[PDB]
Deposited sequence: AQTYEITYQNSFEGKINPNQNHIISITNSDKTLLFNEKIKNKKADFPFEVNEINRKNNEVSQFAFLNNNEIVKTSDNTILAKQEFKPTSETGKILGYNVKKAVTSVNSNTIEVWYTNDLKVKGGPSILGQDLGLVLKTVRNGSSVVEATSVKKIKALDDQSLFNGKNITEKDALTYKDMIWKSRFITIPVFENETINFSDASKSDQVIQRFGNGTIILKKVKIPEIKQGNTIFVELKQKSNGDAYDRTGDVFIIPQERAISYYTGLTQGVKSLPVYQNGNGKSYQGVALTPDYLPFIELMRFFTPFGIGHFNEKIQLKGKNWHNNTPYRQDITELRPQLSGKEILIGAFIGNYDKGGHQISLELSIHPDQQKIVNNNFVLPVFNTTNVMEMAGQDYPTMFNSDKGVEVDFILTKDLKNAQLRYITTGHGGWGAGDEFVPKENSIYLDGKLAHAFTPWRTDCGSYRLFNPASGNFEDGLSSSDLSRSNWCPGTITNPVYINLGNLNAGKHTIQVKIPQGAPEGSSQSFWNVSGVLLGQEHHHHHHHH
């Protein structure tokens, strides 16, 4: 059984493009790969195909990393190809060829093949049972043609597979593993309960605070280079709770002596007290020389009772979704995440014994983006009371004109400074700040820098995530209603407020909001966080 090696060349409309495709074949087996793979210069993931000519078993192999190979196999692929014959004949490289035509996804592919050598093969899977394919033409434009056919001693692919372990998978899993090999996933939580129960307690991996409403762990983040992108993904459903709850995925900056973790582990008294003239006290909401507030990776709101209530609440024409996905790009927080062991947590404020179930992961993608260029991150304030069920007061501070005011010191000039600002308004009645628009005003060094009214009018779009939403006499459901910058079942986007360039030295940032008046025991309040972003330039000698 003589073995042959066929080398191919790609063209577009006469223009020769390359990493040449190679087929190695004899009457028993054929191997399809390319130059870079043959030479062990191909980047992961890469694929090879092999056909067992005794039984037409087609095997696809994916090389995922230096050690891991997956394969998927199928002995029906060749039989399913449908070709139409033509009378066209000719020669390629001295071999007699016939042309046949096939159609895949509206693309037309002409295949020219020889049977002169009593072996089969080709530059792709198409036509592999017809003969040895020496030329393919895709939509009359894209051509792959053999440039040489040579005899060789044997089909020997032992070095290709040497040192690697191979595992057969189903076709869907095979593709999935190739996909996941292209980027880094950092697992955090998988099907974790977030609830309210006196029985809730920490274990050796997950710490739990707020009577079950806060789950926290330490996770190691690799070095992530400037240019890479970073996303956080959370999946949620109700395990009993009917309500639209405030949620956060957060990290805890520990660069100063005190952190939000001090509050969580010791108690709310360990947090610095903030006061602004309104007669009340607030805890851990502002940076001080000894303390940084936590950073919100993603602020989200649960829908009303998704999953748990789906079969319980039947409304004609409403087929409820099973769970809620939330995914946010957090590329700008790279400087706070890169190469650190971080404390990362999830909060859903609720009072339900069944509560909620979530999953959470981070992903890091090998990009070289040039759009988000900050190398500096400083958390300046966070009024969101993640410790709601652990003694932290609601953010009712905005009835004073002083609002939230923070002083901080920059040691180096900051170019393109921005305030990453997440705001939501609360107070759940018709004249409460959940439902009435209020202008948020941001000041830098005592001067107004930006004023805007946070408002969402798209909430009716997410109706099918919200089975337990209350239905009113006017024909609307609670989840439909326009709100101060959130909708049940969705993320609240940060805004990126341009502050210009900042000099080294002392600065102040201030937020003022005309907070609505209470109604009986009901209060309005504002969950606001601010992270300062910017680009510090570098000092450097001159060289070429």
item: Ranges missing from the model, given as deposited sequence positions; value: 18-19
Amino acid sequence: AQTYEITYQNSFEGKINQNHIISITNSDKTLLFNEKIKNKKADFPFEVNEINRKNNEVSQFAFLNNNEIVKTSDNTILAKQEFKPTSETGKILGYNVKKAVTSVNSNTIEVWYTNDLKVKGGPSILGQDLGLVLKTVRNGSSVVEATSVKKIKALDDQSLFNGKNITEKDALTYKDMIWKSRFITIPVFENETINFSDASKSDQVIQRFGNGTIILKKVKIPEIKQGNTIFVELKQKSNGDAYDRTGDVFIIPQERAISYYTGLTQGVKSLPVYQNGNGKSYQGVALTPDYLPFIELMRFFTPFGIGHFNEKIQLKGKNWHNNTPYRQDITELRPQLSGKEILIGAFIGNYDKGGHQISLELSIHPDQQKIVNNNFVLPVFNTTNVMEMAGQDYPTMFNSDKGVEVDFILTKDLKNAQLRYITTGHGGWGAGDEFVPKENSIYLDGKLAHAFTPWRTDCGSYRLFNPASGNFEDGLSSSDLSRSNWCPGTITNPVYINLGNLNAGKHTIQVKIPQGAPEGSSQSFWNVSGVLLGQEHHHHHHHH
From here on, numbers count along this sequence of modelled residues.
{"item": "275-283 versus 429-437 - greater average Cα B-factor per the deposited record", "value": "275-283"}
{"item": "Mean Cα B-factor comparison, 103-111 or 403-411, giving the higher one as deposited", "value": "103-111"}
{"item": "Among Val531, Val528, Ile16, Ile22 - the residue whose C-alpha B-factor is largest in the record", "value": "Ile16"}
{"item": "Options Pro303, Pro325, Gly90, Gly163 - largest CA temperature factor per the record", "value": "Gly163"}
{"item": "Among modelled residues of the same chain, the CA temperature factor third for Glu47", "value": "middle"}
{"item": "Chain thirds of CA B-factor: placement of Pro335", "value": "middle"}
{"item": "Third of the chain's Cα B-factor distribution that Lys41 belongs to, per the entry", "value": "highest"}
{"item": "Cα B factor band for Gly475 (lowest, middle or highest third within the chain)", "value": "lowest"}
{"item": "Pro518 - Cα temperature factor, lowest/middle/highest third of chain", "value": "highest"}
